[PDB]
>>> print(open('query-v9.txt').read())   # compact mmCIF, C-alpha atoms and all ligand atoms
# COMPACT_ATOMS: atom_id res chain seq x y z
CA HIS A 4 -64.92 231.31 -102.64
CA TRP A 5 -68.22 231.42 -104.47
CA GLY A 6 -68.78 233.80 -107.36
CA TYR A 7 -70.13 233.93 -110.92
CA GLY A 8 -67.33 232.22 -112.93
CA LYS A 9 -67.06 228.82 -114.64
CA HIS A 10 -65.19 227.45 -111.71
CA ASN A 11 -67.15 229.03 -108.83
CA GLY A 12 -70.54 230.04 -110.23
CA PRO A 13 -74.12 229.02 -109.48
CA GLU A 14 -73.72 225.41 -110.63
CA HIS A 15 -71.05 224.92 -107.93
CA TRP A 16 -72.74 226.63 -104.98
CA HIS A 17 -74.46 223.47 -103.72
CA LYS A 18 -71.11 221.99 -102.59
CA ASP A 19 -70.66 224.63 -99.87
CA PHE A 20 -74.37 225.47 -99.52
CA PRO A 21 -76.46 222.28 -99.98
CA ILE A 22 -79.72 224.26 -99.56
CA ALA A 23 -78.98 225.38 -103.16
CA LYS A 24 -80.97 222.26 -104.12
CA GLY A 25 -83.74 223.01 -101.59
CA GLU A 26 -87.49 223.27 -101.85
CA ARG A 27 -87.88 227.07 -101.95
CA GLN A 28 -84.96 228.45 -103.94
CA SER A 29 -84.89 231.72 -105.88
CA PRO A 30 -85.06 233.11 -108.47
CA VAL A 31 -87.76 231.41 -110.50
CA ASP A 32 -89.42 231.85 -113.87
CA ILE A 33 -92.79 233.60 -113.50
CA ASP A 34 -95.20 231.90 -115.85
CA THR A 35 -97.76 234.67 -116.25
CA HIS A 36 -100.55 232.46 -117.42
CA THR A 37 -100.19 230.06 -114.42
CA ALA A 38 -99.85 232.74 -111.72
CA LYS A 39 -103.20 233.14 -110.06
CA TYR A 40 -104.84 236.39 -109.31
CA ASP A 41 -105.41 236.51 -105.56
CA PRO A 42 -108.10 239.05 -104.66
CA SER A 43 -107.11 238.65 -100.98
CA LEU A 44 -103.68 240.27 -101.64
CA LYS A 45 -103.41 243.86 -100.51
CA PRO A 46 -101.82 246.83 -102.20
CA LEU A 47 -98.20 247.07 -101.37
CA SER A 48 -97.31 249.89 -98.92
CA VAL A 49 -93.88 251.27 -99.77
CA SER A 50 -93.01 254.06 -97.26
CA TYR A 51 -89.64 255.48 -98.21
CA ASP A 52 -90.13 259.21 -97.45
CA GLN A 53 -87.84 259.01 -94.38
CA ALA A 54 -85.24 256.69 -95.90
CA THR A 55 -81.68 257.50 -94.83
CA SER A 56 -79.02 256.15 -97.14
CA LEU A 57 -75.53 256.06 -95.71
CA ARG A 58 -72.98 254.40 -97.95
CA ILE A 59 -72.35 252.43 -101.13
CA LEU A 60 -70.13 249.34 -101.07
CA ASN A 61 -68.58 247.10 -103.78
CA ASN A 62 -68.66 243.72 -102.03
CA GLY A 63 -67.07 241.76 -104.85
CA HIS A 64 -70.44 240.38 -106.12
CA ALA A 65 -72.49 243.56 -106.61
CA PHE A 66 -72.74 247.02 -105.04
CA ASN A 67 -74.97 247.65 -102.06
CA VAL A 68 -76.59 251.03 -101.27
CA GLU A 69 -76.93 250.80 -97.48
CA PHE A 70 -79.51 252.42 -95.26
CA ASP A 71 -79.79 253.32 -91.61
CA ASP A 72 -82.07 250.55 -90.35
CA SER A 73 -81.74 251.38 -86.62
CA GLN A 74 -85.35 252.71 -86.59
CA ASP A 75 -88.51 252.36 -88.73
CA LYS A 76 -87.66 254.97 -91.38
CA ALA A 77 -88.11 253.16 -94.69
CA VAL A 78 -90.53 250.27 -94.47
CA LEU A 79 -92.45 247.84 -96.62
CA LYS A 80 -95.77 246.42 -95.48
CA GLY A 81 -99.07 245.24 -96.85
CA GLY A 82 -99.14 243.21 -100.00
CA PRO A 83 -98.66 239.59 -98.91
CA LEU A 84 -96.84 240.61 -95.72
CA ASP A 85 -97.88 240.42 -92.08
CA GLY A 86 -96.18 243.17 -90.07
CA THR A 87 -93.40 245.62 -90.86
CA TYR A 88 -90.22 245.14 -92.85
CA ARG A 89 -87.40 247.64 -92.67
CA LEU A 90 -85.20 248.56 -95.65
CA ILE A 91 -81.53 247.62 -95.09
CA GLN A 92 -79.98 247.84 -98.58
CA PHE A 93 -80.56 247.65 -102.27
CA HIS A 94 -78.42 246.22 -105.04
CA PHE A 95 -78.69 245.02 -108.64
CA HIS A 96 -77.93 242.02 -110.77
CA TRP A 97 -77.04 242.62 -114.44
CA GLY A 98 -75.63 241.12 -117.59
CA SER A 99 -72.73 241.47 -119.99
CA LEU A 100 -75.30 242.41 -122.71
CA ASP A 101 -78.84 243.76 -122.57
CA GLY A 102 -80.38 240.35 -123.31
CA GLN A 103 -79.56 238.90 -119.91
CA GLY A 104 -79.01 240.05 -116.35
CA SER A 105 -82.24 239.55 -114.44
CA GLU A 106 -82.62 236.73 -111.93
CA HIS A 107 -86.36 236.31 -112.17
CA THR A 108 -87.70 235.79 -115.68
CA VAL A 109 -91.19 236.42 -117.04
CA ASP A 110 -92.40 233.74 -119.45
CA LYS A 111 -88.66 232.99 -119.90
CA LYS A 112 -87.89 236.62 -120.80
CA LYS A 113 -84.68 237.91 -119.26
CA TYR A 114 -84.43 241.60 -118.52
CA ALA A 115 -81.17 243.59 -118.69
CA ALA A 116 -80.99 243.86 -114.90
CA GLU A 117 -82.94 243.44 -111.68
CA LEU A 118 -83.05 245.71 -108.62
CA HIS A 119 -83.50 244.12 -105.18
CA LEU A 120 -84.67 246.24 -102.26
CA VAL A 121 -84.00 244.09 -99.19
CA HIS A 122 -86.11 244.44 -96.03
CA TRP A 123 -86.15 242.53 -92.73
CA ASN A 124 -89.07 241.71 -90.45
CA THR A 125 -88.85 243.88 -87.36
CA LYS A 126 -90.42 241.19 -85.20
CA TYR A 127 -87.01 239.43 -85.22
CA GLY A 128 -85.08 242.48 -84.00
CA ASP A 129 -82.02 242.32 -86.34
CA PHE A 130 -81.20 241.21 -89.86
CA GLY A 131 -79.03 238.27 -88.76
CA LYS A 132 -81.90 236.81 -86.72
CA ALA A 133 -84.41 237.52 -89.50
CA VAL A 134 -82.53 235.47 -92.10
CA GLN A 135 -83.00 232.39 -89.87
CA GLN A 136 -86.81 232.63 -90.19
CA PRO A 137 -89.12 231.61 -93.03
CA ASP A 138 -90.81 235.03 -92.96
CA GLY A 139 -87.69 236.98 -92.08
CA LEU A 140 -87.13 239.02 -95.26
CA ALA A 141 -89.15 240.72 -97.95
CA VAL A 142 -87.31 241.50 -101.18
CA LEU A 143 -88.92 243.87 -103.64
CA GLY A 144 -87.67 243.01 -107.12
CA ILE A 145 -87.86 245.45 -110.03
CA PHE A 146 -86.85 244.67 -113.60
CA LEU A 147 -84.72 247.03 -115.66
CA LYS A 148 -85.01 247.37 -119.44
CA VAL A 149 -82.78 249.52 -121.63
CA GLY A 150 -84.39 252.58 -123.25
CA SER A 151 -84.86 256.02 -121.74
CA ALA A 152 -82.65 257.03 -118.83
CA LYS A 153 -83.90 256.74 -115.24
CA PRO A 154 -83.10 260.15 -113.79
CA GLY A 155 -83.31 258.85 -110.22
CA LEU A 156 -80.60 256.28 -110.92
CA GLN A 157 -77.94 258.71 -112.16
CA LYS A 158 -76.59 259.55 -108.67
CA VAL A 159 -75.85 255.86 -108.20
CA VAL A 160 -74.21 255.57 -111.64
CA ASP A 161 -71.98 258.56 -111.02
CA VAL A 162 -70.49 257.23 -107.76
CA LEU A 163 -69.50 253.87 -109.28
CA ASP A 164 -66.12 255.12 -110.52
CA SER A 165 -65.18 255.59 -106.83
CA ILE A 166 -65.99 251.99 -105.84
CA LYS A 167 -64.58 250.18 -108.86
CA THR A 168 -63.05 247.26 -107.00
CA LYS A 169 -64.02 244.81 -104.26
CA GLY A 170 -63.91 246.27 -100.77
CA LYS A 171 -64.18 249.92 -101.77
CA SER A 172 -66.96 252.03 -100.26
CA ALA A 173 -68.06 255.67 -100.52
CA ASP A 174 -70.30 257.94 -98.50
CA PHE A 175 -73.72 257.92 -100.10
CA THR A 176 -76.13 260.01 -98.10
CA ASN A 177 -79.48 261.52 -99.01
CA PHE A 178 -80.28 259.13 -101.85
CA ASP A 179 -84.04 258.71 -102.33
CA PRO A 180 -84.99 255.15 -103.46
CA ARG A 181 -88.47 256.40 -104.50
CA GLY A 182 -86.75 257.50 -107.71
CA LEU A 183 -86.18 253.84 -108.65
CA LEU A 184 -89.82 252.74 -108.54
CA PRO A 185 -92.08 252.26 -111.57
CA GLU A 186 -95.51 253.86 -111.77
CA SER A 187 -97.48 250.70 -110.91
CA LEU A 188 -97.08 248.58 -107.79
CA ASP A 189 -98.80 245.55 -109.38
CA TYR A 190 -96.81 242.47 -108.35
CA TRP A 191 -96.28 238.76 -108.24
CA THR A 192 -95.36 237.04 -104.97
CA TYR A 193 -94.03 233.67 -103.85
CA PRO A 194 -91.95 232.18 -101.00
CA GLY A 195 -88.27 231.82 -101.78
CA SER A 196 -84.69 232.36 -100.81
CA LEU A 197 -81.68 234.61 -100.96
CA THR A 198 -80.29 234.37 -104.52
CA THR A 199 -76.71 234.47 -103.23
CA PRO A 200 -74.94 232.21 -100.73
CA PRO A 201 -75.92 231.32 -98.06
CA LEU A 202 -79.15 230.86 -100.09
CA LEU A 203 -81.29 230.88 -96.94
CA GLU A 204 -84.99 230.15 -97.40
CA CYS A 205 -86.19 233.24 -95.60
CA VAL A 206 -87.65 235.50 -98.28
CA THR A 207 -91.14 236.59 -99.30
CA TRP A 208 -90.49 237.73 -102.87
CA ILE A 209 -92.51 240.63 -104.28
CA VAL A 210 -91.67 241.15 -107.98
CA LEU A 211 -93.18 244.19 -109.69
CA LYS A 212 -94.75 243.64 -113.09
CA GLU A 213 -93.82 247.03 -114.51
CA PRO A 214 -90.10 247.41 -115.35
CA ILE A 215 -88.16 250.63 -115.07
CA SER A 216 -86.27 251.97 -118.07
CA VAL A 217 -82.59 252.86 -117.78
CA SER A 218 -80.34 254.10 -120.55
CA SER A 219 -77.68 252.08 -122.33
CA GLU A 220 -75.11 254.47 -120.89
CA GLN A 221 -76.36 253.84 -117.34
CA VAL A 222 -76.09 250.04 -117.58
CA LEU A 223 -72.73 250.33 -119.38
CA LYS A 224 -71.39 252.02 -116.25
CA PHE A 225 -72.56 249.10 -114.09
CA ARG A 226 -70.51 246.87 -116.42
CA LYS A 227 -67.29 248.84 -115.75
CA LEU A 228 -67.26 247.72 -112.10
CA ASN A 229 -64.84 244.96 -111.10
CA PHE A 230 -65.32 241.71 -109.18
CA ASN A 231 -61.60 241.83 -108.26
CA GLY A 232 -59.85 243.90 -105.67
CA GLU A 233 -57.57 246.87 -106.39
CA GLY A 234 -54.46 245.93 -108.31
CA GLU A 235 -55.67 242.40 -109.13
CA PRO A 236 -56.28 241.15 -112.71
CA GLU A 237 -59.39 242.91 -114.02
CA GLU A 238 -62.57 240.82 -114.07
CA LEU A 239 -65.49 242.96 -115.14
CA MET A 240 -68.50 242.74 -112.79
CA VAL A 241 -71.03 241.37 -115.30
CA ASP A 242 -73.42 238.40 -115.28
CA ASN A 243 -73.78 238.44 -111.50
CA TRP A 244 -77.18 236.70 -111.70
CA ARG A 245 -78.33 233.25 -110.57
CA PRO A 246 -80.53 231.54 -113.16
CA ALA A 247 -84.08 230.39 -112.50
CA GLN A 248 -84.47 227.47 -110.07
CA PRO A 249 -87.17 224.78 -109.91
CA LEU A 250 -90.52 226.01 -108.68
CA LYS A 251 -91.25 222.71 -106.85
CA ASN A 252 -94.28 222.85 -104.61
CA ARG A 253 -94.95 226.61 -104.92
CA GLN A 254 -97.66 228.93 -106.12
CA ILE A 255 -96.92 232.34 -107.63
CA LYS A 256 -99.77 234.75 -106.87
CA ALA A 257 -100.65 237.92 -108.79
CA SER A 258 -101.98 241.09 -107.17
CA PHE A 259 -103.70 242.12 -110.40
CA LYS A 260 -106.15 240.69 -112.95
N1 LIG B 1 -80.04 238.80 -103.95
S1 LIG B 1 -81.01 238.81 -102.70
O1 LIG B 1 -81.77 240.03 -102.67
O2 LIG B 1 -81.79 237.59 -102.67
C1 LIG B 1 -80.11 238.72 -101.27
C2 LIG B 1 -79.94 239.93 -100.40
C3 LIG B 1 -79.57 239.71 -98.97
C4 LIG B 1 -78.39 238.82 -98.75
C5 LIG B 1 -77.90 238.75 -97.34
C6 LIG B 1 -76.66 237.89 -97.09
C7 LIG B 1 -75.99 237.68 -95.74
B1 LIG B 1 -75.88 238.88 -94.63
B2 LIG B 1 -75.92 238.06 -93.05
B3 LIG B 1 -74.49 236.99 -93.01
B4 LIG B 1 -74.36 238.59 -93.77
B5 LIG B 1 -73.58 237.17 -94.51
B6 LIG B 1 -74.65 235.73 -94.29
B7 LIG B 1 -76.10 236.29 -93.41
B8 LIG B 1 -76.97 237.45 -94.37
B9 LIG B 1 -76.17 235.99 -95.13
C8 LIG B 1 -74.65 236.61 -95.72
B10 LIG B 1 -74.43 238.34 -95.55
ZN ZN B 2 -80.21 240.30 -105.20
>>> encode(input="query-v9.txt", output="structure tokens")
Amino acid sequence: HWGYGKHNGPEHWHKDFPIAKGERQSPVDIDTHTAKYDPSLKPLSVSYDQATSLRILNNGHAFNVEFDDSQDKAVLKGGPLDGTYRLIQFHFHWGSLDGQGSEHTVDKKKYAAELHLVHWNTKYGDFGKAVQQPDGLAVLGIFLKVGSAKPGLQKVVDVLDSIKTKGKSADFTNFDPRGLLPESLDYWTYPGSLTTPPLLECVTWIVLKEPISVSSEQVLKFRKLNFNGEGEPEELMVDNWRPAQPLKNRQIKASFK
């Protein structure tokens, strides 16, 4: 099955998922000097006050913090988006060392990690239908750098020991994702894809310019997770990022001057 090793990693994915070589793949490098300021872009509206987290799951590739998406409770709108996108889950991608881990890059800079808040367009009724549409998902991407601790992340960090291995989950209620946001909602946006198989070309990407800071100790705990299942040979869950893909016939737009 696909993963992030030598034998099953990103360079192999195209064999099972030929869209890996498609026209709107993610992530990409954001060349800051080429991205054009678009004064028509709106402020992003992030409405997470009623977000209801339920559970955290180690799926063998990352961990997902899952939300109740059976009503409009936590939604993303505005920015480049038409209509309303409901939060379903967030997860991260990270490295074995602080010098790599992000999926998007900024002028070729790699951050230590990248947070993805995944939302689906309510006009398609369910997530599985949304991923079949070119405007089905909106993913809000946030870079992580290592420095000061992020207090709002610590609840996530502290539950990771209970979901060490693939297929483990834990109750994870009352977690407030507002504590993971940077001060500024300035962003870049472009049309792209899921960064994991099946690599579907269904995503409007919204990547915040301002990173969040997390501590070395926080990211070190991400790196103690396992890709393997319980009792199997330990493979640390590190370097679970896809590298930048060709931009092809796409424009990255900036919300800010
Ligand atoms: N890293 S990222 O933020 O670009 C991607 C986040 C969303 C990935 C969704 C994957 C599937 B869900 B539905 B089905 B189940 B199985 B098939 B279909 B969607 B694709 C897979 B699972
Ligand atoms: Zn992701």
>>> residues_around(input="query-v9.txt", residues="residue 240 of chain A", least_positions_apart="3", cutoff="9 Å", atoms="only C-alpha atoms", output="PyMOL selection string")
chain A and resi 63-65+97-99+225-231+243
>>> write_last_selection(input="query-v9.txt", atoms="C-alpha atoms", output="PDB file, in the coordinates of the input")
ATOM      1  CA  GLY A  63     -67.070 241.760-104.850  1.00  0.00           C
ATOM      2  CA  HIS A  64     -70.440 240.380-106.120  1.00  0.00           C
ATOM      3  CA  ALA A  65     -72.490 243.560-106.610  1.00  0.00           C
ATOM      4  CA  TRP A  97     -77.040 242.620-114.440  1.00  0.00           C
ATOM      5  CA  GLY A  98     -75.630 241.120-117.590  1.00  0.00           C
ATOM      6  CA  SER A  99     -72.730 241.470-119.990  1.00  0.00           C
ATOM      7  CA  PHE A 225     -72.560 249.100-114.090  1.00  0.00           C
ATOM      8  CA  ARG A 226     -70.510 246.870-116.420  1.00  0.00           C
ATOM      9  CA  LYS A 227     -67.290 248.840-115.750  1.00  0.00           C
ATOM     10  CA  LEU A 228     -67.260 247.720-112.100  1.00  0.00           C
ATOM     11  CA  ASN A 229     -64.840 244.960-111.100  1.00  0.00           C
ATOM     12  CA  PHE A 230     -65.320 241.710-109.180  1.00  0.00           C
ATOM     13  CA  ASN A 231     -61.600 241.830-108.260  1.00  0.00           C
ATOM     14  CA  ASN A 243     -73.780 238.440-111.500  1.00  0.00           C
TER      15      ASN A 243
END
>>> closest_residue(input="query-v9.txt", among="A:96, A:58, A:4, A:76", to="ligand LIG 1 (chain B)", atoms="only C-alpha atoms and all ligand atoms")
A:96
>>> closest_residue(input="query-v9.txt", among="A:27, A:45, A:9, A:119", to="ligand ZN 2 (chain B)", atoms="all atoms listed in the file")
A:119
>>> axis_aligned_box(input="query-v9.txt", around="ligand LIG 1 (chain B)", padding_each_side="4 Å", output="lines of an AutoDock Vina configuration file")
center_x = -77.7
center_y = 237.9
center_z = -98.5
size_x = 16.2
size_y = 12.3
size_z = 18.9
>>> residues_around(input="query-v9.txt", residues="residue 202 of chain A", least_positions_apart="2", cutoff="8 Å", atoms="only C-alpha atoms", output="PyMOL selection string")
chain A and resi 20+22-23+28+196-200+204
>>> closest_residue(input="query-v9.txt", among="A:171, A:260, A:224, A:107", to="ligand ZN 2 (chain B)", atoms="all atoms listed in the file")
A:107
>>> atom_distance(input="query-v9.txt", atom1="atom CA of residue 209 of chain A", atom2="atom CA of residue 193 of chain A")
7.1 Å
>>> closest_residue(input="query-v9.txt", among="A:77, A:109, A:54, A:116", to="residue 176 of chain A", atoms="only C-alpha atoms")
A:54
>>> atom_distance(input="query-v9.txt", atom1="atom CA of residue 135 of chain A", atom2="atom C7 of ligand LIG 1 (chain B)")
10.6 Å
>>> closest_residue(input="query-v9.txt", among="A:12, A:30, A:102, A:128", to="residue 207 of chain A", atoms="only C-alpha atoms")
A:30
>>> closest_residue(input="query-v9.txt", among="A:158, A:10, A:111, A:148", to="residue 246 of chain A", atoms="only C-alpha atoms")
A:111
>>> build_atoms(input="query-v9.txt", residues="segment 201-222 of chain A", atoms="N, CA, C and O atoms", output="compact mmCIF listing (two decimals), in the frame of the given file")
# COMPACT_ATOMS: atom_id res chain seq x y z
N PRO A 201 -75.61 232.72 -98.41
CA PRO A 201 -75.92 231.32 -98.06
C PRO A 201 -77.26 230.75 -98.54
O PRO A 201 -77.62 229.66 -98.12
N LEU A 202 -77.99 231.46 -99.41
CA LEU A 202 -79.15 230.86 -100.09
C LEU A 202 -80.28 230.49 -99.11
O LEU A 202 -81.13 229.63 -99.39
N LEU A 203 -80.35 231.21 -97.99
CA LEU A 203 -81.29 230.88 -96.94
C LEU A 203 -82.71 231.09 -97.40
O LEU A 203 -83.05 232.04 -98.12
N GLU A 204 -83.58 230.19 -96.96
CA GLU A 204 -84.99 230.15 -97.40
C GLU A 204 -85.87 230.98 -96.48
O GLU A 204 -86.74 230.47 -95.76
N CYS A 205 -85.66 232.28 -96.56
CA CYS A 205 -86.19 233.24 -95.60
C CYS A 205 -86.92 234.40 -96.24
O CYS A 205 -87.22 235.37 -95.54
N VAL A 206 -87.19 234.33 -97.55
CA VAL A 206 -87.65 235.50 -98.28
C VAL A 206 -89.08 235.34 -98.77
O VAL A 206 -89.42 234.36 -99.42
N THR A 207 -89.92 236.38 -98.52
CA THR A 207 -91.14 236.59 -99.30
C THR A 207 -90.76 237.51 -100.46
O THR A 207 -90.37 238.67 -100.25
N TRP A 208 -90.82 236.96 -101.67
CA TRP A 208 -90.49 237.73 -102.87
C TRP A 208 -91.72 238.49 -103.34
O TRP A 208 -92.81 237.94 -103.41
N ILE A 209 -91.49 239.75 -103.71
CA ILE A 209 -92.51 240.63 -104.28
C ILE A 209 -91.86 241.22 -105.53
O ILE A 209 -90.94 242.02 -105.41
N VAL A 210 -92.28 240.75 -106.71
CA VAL A 210 -91.67 241.15 -107.98
C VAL A 210 -92.66 242.02 -108.74
O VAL A 210 -93.75 241.58 -109.06
N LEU A 211 -92.28 243.27 -109.00
CA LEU A 211 -93.18 244.19 -109.69
C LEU A 211 -93.30 243.80 -111.17
O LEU A 211 -92.32 243.44 -111.84
N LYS A 212 -94.52 243.91 -111.68
CA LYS A 212 -94.75 243.64 -113.09
C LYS A 212 -94.16 244.67 -114.03
O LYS A 212 -93.70 244.33 -115.12
N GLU A 213 -94.23 245.94 -113.65
CA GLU A 213 -93.82 247.03 -114.51
C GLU A 213 -92.31 247.22 -114.36
O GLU A 213 -91.87 247.49 -113.24
N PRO A 214 -91.53 247.10 -115.45
CA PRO A 214 -90.10 247.41 -115.35
C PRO A 214 -89.86 248.91 -115.26
O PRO A 214 -90.75 249.73 -115.55
N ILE A 215 -88.65 249.28 -114.85
CA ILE A 215 -88.16 250.63 -115.07
C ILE A 215 -87.26 250.63 -116.30
O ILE A 215 -86.64 249.61 -116.62
N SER A 216 -87.21 251.77 -116.96
CA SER A 216 -86.27 251.97 -118.07
C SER A 216 -85.05 252.69 -117.59
O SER A 216 -85.16 253.68 -116.85
N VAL A 217 -83.88 252.19 -118.00
CA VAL A 217 -82.59 252.86 -117.78
C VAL A 217 -81.93 253.02 -119.13
O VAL A 217 -82.25 252.29 -120.07
N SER A 218 -80.98 253.93 -119.25
CA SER A 218 -80.34 254.10 -120.55
C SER A 218 -79.20 253.11 -120.75
O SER A 218 -78.64 252.56 -119.80
N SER A 219 -78.83 252.92 -122.00
CA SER A 219 -77.68 252.08 -122.33
C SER A 219 -76.44 252.58 -121.61
O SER A 219 -75.67 251.82 -121.07
N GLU A 220 -76.27 253.89 -121.55
CA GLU A 220 -75.11 254.47 -120.89
C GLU A 220 -75.11 254.16 -119.40
O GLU A 220 -74.05 253.96 -118.81
N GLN A 221 -76.28 254.16 -118.76
CA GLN A 221 -76.36 253.84 -117.34
C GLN A 221 -75.91 252.40 -117.07
O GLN A 221 -75.07 252.15 -116.20
N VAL A 222 -76.46 251.45 -117.82
CA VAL A 222 -76.09 250.04 -117.58
C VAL A 222 -74.63 249.79 -117.99
O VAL A 222 -73.96 248.98 -117.37
